[PDB]
C-alpha cells in the first residue's frame, strides 16, 4: 500500500472497527 | 454499537478501493 | 438536550484553559477557537484529518479546517448558537488526543 | 514540473472554466467551490481526491466547512499553474460529477 492508504486503513481501525467486521463488510 | 459500518466508514472503504486497491491486497495487508 | 448553548463565562473559565495551554486561541471578532497543526507530510496530515473526521461524525459536530500539504489549520465554533459550546470543547480535546499520538 | 505557457493555458483551461473553475484575480491559480449532501459525502470526495493527490505527488489548497469544499490549485515549485494542476483538477471533476 502507498503511505496514505495505510493511514486510511489504520485510522479506519482505530475508529473502533474490528478487522473482522471490516473484512466481512469488504469483499 | 451498531456493528454496521457508519455512513462515513463506508466512504473511506469505498474510496480506498476505487483508488485502485484490490480487496485481496487489502484483506492481506489487514493481516 | 435540544440545541447547543453558547458556553457561559463560568464554563469558558473552566474548559478553555486546558486548550490554550496546548496552543488553542480565541479568534478576534468572533467567538471561536483556532490552532495550526503541522505534520511530516500530506499523508500524515490527511491521516490525522481522517481520524478527526470519524469522530466528527460520532459527535455530529464538524470543524472549519484548511489544509495545505502537511499543515492543517482548524477553527471550531457552533453555528446553532453563533459561538463556543460543549461540542467545540469536546471535539478539540479529541483532536489533541490524535495530534499527539502521531509523534 | 513547469509553468504552463500562454499556448497551454489556451488549450487546457477552457474545459475547466466551462465547469466552474476560475483564475484568481492576482495570483496564478485556479479555484472552485464544491457543495455536497453532507459532511460524509464531502469527506468521501476529499478522500478520493487525496489518494490521487498522492499518486501525482501534487496537493490541493482546500478549505472545508461541513458539506462545502473550496479548492485552490497551483504549483509552488514553479510559481503558478502546471500540468499537475490541470491533471488534478480533471480528476477532481471526474469524482465530483461521480457524486
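Every residue number used here counts from 1 along the chain in the order it is shown.
Structure determined by X-ray crystallography, 2.6 Å.
Backbone N, Cα and C define each Cβ position, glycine as well.
These come from Swiss-Prot:
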type    : residues                                 : note
BINDING : D:57, D:58, D:59, D:74, D:75, D:76, D:77 : substrate binding site
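Binding residues for substrate (D:57, D:58, D:59, D:74, D:75, D:76, D:77) extend across at most 13 Å, taking the greatest CA-CA distance.
Other than the site residues D:57, D:58, D:59, D:74, D:75, D:76, D:77, same-chain residues with C-beta atoms no more than 8 angstroms from the centre of those residues' C-beta atoms, the substrate site, are D:82, D:84, D:85. Residues from the set of binding-site residues D:58, D:59, D:74 situated with their C-beta under 8 Å of a chain C C-beta: D:59. In this view, residue D:76 (substrate binding site) is surrounded by 12 other Cβ atoms within 10 Å of its Cβ, with every protein chain counted. Of all the Cβ atoms in the protein chains shown, 20 others lie within 10 Å of the Cβ of residue D:75 (substrate binding site). Residue density at residue D:74 (substrate binding site): 21 other Cβ atoms are found within 10 A of its Cβ, drawing on all protein chains shown. Within 10 Å of the Cβ of residue D:57 (substrate binding site) there are 8 other Cβ atoms, across all protein chains.
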